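Have a look at the structure below, then the notes.
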RNA sequence: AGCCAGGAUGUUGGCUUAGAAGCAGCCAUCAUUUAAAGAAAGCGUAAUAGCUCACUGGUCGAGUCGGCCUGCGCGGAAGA
Ligand SMILES: [Mg+2]
Ligand SMILES: [Mg+2]
Ligand SMILES: [Mg+2]
Ligand SMILES: [Zn+2]
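Chains as they are written, first to last, in full-length UniProt numbering: chain F, 2 to 142; chain V, 1 to 131; chain Z, 142 to 704; chain S, 1 to 38.
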């Protein structure tokens, strides 16, 4: 009925499904178990982030099931796997904050234009460009 | 910063885009959702165009002073919130469809999506030929 | 009970029972009037209102005509009682739907059946302080609660179990079987064993076999009980609860029976103590008397355990609560008199290298001409990682330069144990030290091992000072369950302490929180938890791997003694 | 309450009222911001 | 001023990487998505929901907002 209903950002981005152990016990309100942890996410966690950050929206349903139009492959992962240097803020004014170039932007544009779109496909491309450039350091290209 | 000069300017700066393009829209302020409405206005900006000025400075007197030069039905008070999405390739395009489909879901209310028509006498949509 | 107290409502309590515990409850006796004007109760079978008399202390009562103030809700719940009782057999429901009113006897028997299988609980109302309702509850105990032979027999295992090992019908003819449910303390004989004879007969002086431990016990003085008071009885029949004087070894939950009876009964589980305290008598040399008192009180109560941890001299007291544990100390003050004040347990720290590696060495000029020998060793200290092995001592033999005599080459690891075993820094053991011998010196005549162990010791000492290694605290894996309303408060309390957290898990009847907390902190955590959760949380300790912690006490335990 | 000789608005929900001439601070969020005399 | 309400779905941030959560530490990061998006306001700040930094649209009919100087007042100001 109500989409998600519990919005808690306490889930490791991509990798292992439902990585509660690292995430910490402070968001225990959500009723996730071993039933909704490997239903749909387990079978579609390949073409988004293979070793990179791709936060996922649970989209829990009050219809006693779990399924929705899940988010497309993250730009956070696009600009972290096409870069090489996975760094960013915190140490952005001291050293490399990651790489950002037109190639990563084109990759994310041709990749993350399925569901993570905005006021244009090129607007989601500018989203990936902001998620790659505003880290604090960008490759010159 | 809705000052006198900025209003007198943006009234014409928003009448121009709807007098050069297609009809615009308006969306009230009743109940917007976090993603259900935000990504619906996203898809609105996506399909309608990247030049639409979704802002609203549609005061009744400002409209009657600036916009009412042509298509004087716009001068009528827009007593609801407004989000304008014009359309490039013809009249009654995807933006009008999205506005008409938003009056009942995926937004608060679209104020019936009356729009701007150059004839201003055809209540029916631009499908006059039966074919 | 306490129907006299204000706010009293039978209906709300019934609904709370249904909603929370899980049982579906059938009202038996409703209540006439409010809290102050509690005249009595009305039964839903005889259709009589047993108003009790105020002048005498509830002994007499007067039956009335169940006035019209409650003549519609009473009928409704009486009908619900009939319908609920009819769910015991098809013969009840078939006549019930036939339009005829069932007789009271079959209603009572069908209810007794439903109580026997535990589908429903029968709720009676009354106020002991107002001397009302007690006779009716005892009456409903006779009418509805089960007698020993009103259920099938108890089961057991024989010779590691069987298809049907024991189905002992409670009777005066079958061989004796029982269970010692409770142990008590008598200062004059030294024990008091409470037993229920499930099936059999035993008498004064009769010998029995303690089936679980396979030994012989003589029943010296079987007695019956009236609270503290004791009344001698010659014999105990089946289904009777009695106390056995003359038992000196039987623990709580041990089957006592004649030979060729069930070896093990189902009573094999007890809870785990949560609160752990230390105690020390004011005069320190009353330790033997205190130890005897603790040993007796621990043998009688299986949930109170006394283990004296051998790192320190402290006696460790474990219990279900601070109340429990202080009743166990003032009781010692009053009976088997000893005076003792409780406190906090001490600290069992360890050590890990702070990622420092070198090739340190040690050397003493042991020669001096006359002595005849000397020793030197070149070692290499390193850590592995915090928690990969159970055997913290790691040693990969690699001696190349100056290879020592070949009869005790692998024997240069046990001599290193006497430094790693205990006490290098402030009397606390060390974990994860790795030694790796490359060079040294000797002479193959009689290279004294005990004075070669001095070189290794001074090498360890030098490695320690140059290493600047830091203390490691004990940190365990607590796991707590709680209703999904106190999650915030429990997690806030762990966060206020220097506690890590691990698992975002929600059960169906609560939430399982997992947290890593120190051992010097969280003393008396359970009572604070009960306070902040309305006494509805439990926890456990899994003794997981130690973790680093910034501690101002870590150096205060060695700067107390200085260098 | 507080009878300090210098009352101030410690947060955003404090209001300055002048009952009986005396300048008071009344806070409709947390009662620890209640002061008496200007 | 009063009322009809709207602030991300790349965003456990690219993050002190065991996230500290579209509003802990934190670096800074319009982040198109705008009647709005600050990666920080009081609620749970460790987190949702439902009131919401900020901001505006719709209503609604004449003034409103803060500072600076000055006069005269107010509290601070309780003794035999
Ligand atoms: Mg003055
Ligand atoms: Mg004065
Ligand atoms: Mg005074
Ligand atoms: Zn205040």
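Here a beta-carbon is modelled for each residue, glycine too, at the ideal position from N, C-alpha and C.
Would you kindly report the start and end of the unbroken alpha helix (DSSP H) that includes residue i?
i: residue 679(Z); result: No alpha helix (DSSP H) contains residue 679(Z), which DSSP labels as neither H nor E.
i: residue 131(F); result: 122 to 134
Using the C-alpha atoms, what's the distance from residue j back to residue i?
i: residue 419(Z); j: residue 484(Z); result: 5 Å
i: residue 57(V); j: residue 104(F); result: 41 Å
i: residue 528(Z); j: residue 573(Z); result: 8 Å
i: residue 590(Z); j: residue 521(Z); result: 20 Å
i: residue 60(F); j: residue 48(F); result: 19 Å
i: residue 59(V); j: residue 122(F); result: 33 Å
i: residue 96(V); j: residue 13(S); result: 46 Å
i: residue 413(Z); j: residue 442(Z); result: 12 Å
i: residue 672(Z); j: residue 217(Z); result: 42 Å
i: residue 197(Z); j: residue 273(Z); result: 11 Å
i: residue 371(Z); j: residue 436(Z); result: 25 Å
i: residue 644(Z); j: residue 3(F); result: 26 Å
i: residue 451(Z); j: residue 89(F); result: 52 Å
i: residue 603(Z); j: residue 700(Z); result: 19 Å
i: residue 282(Z); j: residue 180(Z); result: 22 Å
i: residue 93(V); j: residue 5(V); result: 33 Å
i: residue 614(Z); j: residue 62(F); result: 44 Å
i: residue 126(V); j: residue 117(V); result: 10 Å
i: residue 704(Z); j: residue 15(F); result: 52 Å
i: residue 599(Z); j: residue 454(Z); result: 30 Å
i: residue 28(F); j: residue 655(Z); result: 12 Å
i: residue 91(F); j: residue 136(F); result: 9 Å
i: residue 333(Z); j: residue 327(Z); result: 6 Å
i: residue 471(Z); j: residue 439(Z); result: 15 Å
Does the beta-carbon of residue i, which I'm using as the reference point, lie nearer than 7 Å to any heavy atom of ligand 4?
i: residue 10(S); result: yes
i: residue 30(S); result: yes
i: residue 71(V); result: no
i: residue 33(S); result: yes
i: residue 27(S); result: yes
State the start and end residues of the unbroken beta strand (DSSP E) segment that holds residue i.
i: residue 170(Z); result: 170 to 173
i: residue 263(Z); result: 261 to 264
i: residue 181(Z); result: 181 to 184
i: residue 365(Z); result: 362 to 367
i: residue 96(Z); result: Look at the range of chain Z in this structure, 142 to 704, and you will see that residue 96(Z) is not part of it.
i: residue 706(Z); result: Because chain Z in this structure spans residues 142 to 704, residue 706(Z) falls outside the shown range and cannot be described.
i: residue 207(Z); result: No beta strand (DSSP E) contains residue 207(Z), which DSSP labels as neither H nor E.
i: residue 416(Z); result: 416 to 422
i: residue 659(Z); result: 652 to 659
Quick check: does the Cβ of residue i come within less than 7 Å of any heavy atom belonging to ligand 6?
i: residue 13(S); result: Only ligand 1, ligand 2, ligand 3 and ligand 4 can be found as ligands here, which leaves ligand 6 out of the picture.
(message) By the 8 Å beta-carbon criterion, what residues does the segment 655 to 678 of chain Z contribute toward chain F?
(response) Cβ contacts with chain F: 655, 656.
(message) Under 7 Å, CB to CB, which of the residues in the segment 107 to 137 of chain F have a partner in chain V?
(response) For the segment 107 to 137 of chain F, the set of positions with a beta-carbon nearer than 7 Å to some beta-carbon of chain V reads 118, 119, 120, 121 in chain order.
(request) Identify each residue in the segment 628 to 645 of chain Z for which the Cβ-Cβ distance to at least one residue of chain F is less than 7 Å, and report them in chain order. (result) Closer than 7 Å at the C-beta level to chain F, one finds these residues of the segment 628 to 645 of chain Z: 628, 632, 642, 643, 644, 645.
(request) Give, in chain order, every residue of the segment 2 to 14 of chain F whose Cβ lies closer than 9 Å to some Cβ of chain V. (result) Under the 9 Å Cβ criterion, the segment 2 to 14 of chain F contributes 4, 5, 8.
(request) Give, in chain order, every residue of the segment 21 to 34 of chain F whose Cβ lies closer than 8 Å to some Cβ of chain Z. (result) If you check each beta-carbon in the segment 21 to 34 of chain F against every beta-carbon of chain Z, the ones closer than 8 Å belong to 21, 22, 24, 25, 26, 27, 28, 29, 30, 31, 32, 33, 34.
(request) May I ask you to verify whether the segment 239 to 256 of chain Z touches the segment 99 to 116 of chain V, counting CB pairs closer than 8 Å and requiring at least 3? (result) No, the segment 239 to 256 of chain Z is not in contact with the segment 99 to 116 of chain V.
(request) Spell out a yes or no on whether the segment 455 to 475 of chain Z and the segment 491 to 510 of chain Z are touching, meaning 3 or more CB-CB pairs, one atom from each, closer than 8 Å. (result) Contact check between the segment 455 to 475 of chain Z and the segment 491 to 510 of chain Z: fewer than three CB pairs, one atom from each, fall below 8 Å, which does not count as touching.
(message) Measuring CB atoms only, is the segment 557 to 566 of chain Z touching the segment 684 to 692 of chain Z, in the sense that at least three cross pairs come out at less than 8 Å?
(response) Note that the segment 557 to 566 of chain Z does not touch the segment 684 to 692 of chain Z; fewer than 3 beta-carbon pairs, one per stretch, sit closer than 8 Å.
(message) If the cut-off is 7 Å on Cβ atoms, which residues from the segment 46 to 67 of chain V count as contacting chain F, listed in chain order?
(response) Residues of the segment 46 to 67 of chain V that bring their beta carbon within less than 7 Å of a beta carbon in chain F comprise 46, 50, in sequence order.
(request) Below 9 Å between beta carbons is the criterion; list the residues of the segment 20 to 38 of chain V that meet it against any residue of chain F, in chain order. (result) Listed by position, the residues of the segment 20 to 38 of chain V near chain F (Cβ gap below 9 Å) are 33, 34, 35, 36.
(message) Closer than 8 Å is the cut-off here; do at least three beta carbon pairs connect the segment 68 to 86 of chain F with the segment 99 to 113 of chain F?
(response) Enough Cβ pairs lie closer than 8 Å, so yes.
(request) Give a yes or no on contact between the segment 674 to 684 of chain Z and the segment 65 to 76 of chain F, applying the rule of three or more CB pairs nearer than 8 Å. (result) The answer is no - the segment 65 to 76 of chain F does not touch the segment 674 to 684 of chain Z, with fewer than three Cβ pairs under 8 Å.
(message) Does the contact criterion of 3 or more C-beta pairs under 8 Å hold for the segment 615 to 630 of chain Z versus the segment 641 to 659 of chain Z?
(response) Yes: the two stretches touch, three or more of their Cβ pairs being nearer than 8 Å.
(message) Could you check whether the segment 309 to 318 of chain Z touches the segment 338 to 346 of chain Z, counting it as contact only if at least three pairs of C-beta atoms, one from each stretch, sit closer than 8 Å?
(response) Cβ pair count under 8 Å is three or more, so yes.
(request) Kindly confirm or deny that the segment 163 to 171 of chain Z and the segment 214 to 234 of chain Z touch, where touching means at least three C-beta pairs closer than 8 Å. (result) Judged by Cβ distances under 8 Å, the segment 163 to 171 of chain Z makes contact with the segment 214 to 234 of chain Z, as three or more pairs qualify.
(request) Evaluate contact between the segment 656 to 671 of chain Z and the segment 580 to 588 of chain Z, counting only Cβ atoms and requiring at least three cross-stretch pairs below 8 Å. (result) Verdict: no, contact absent.
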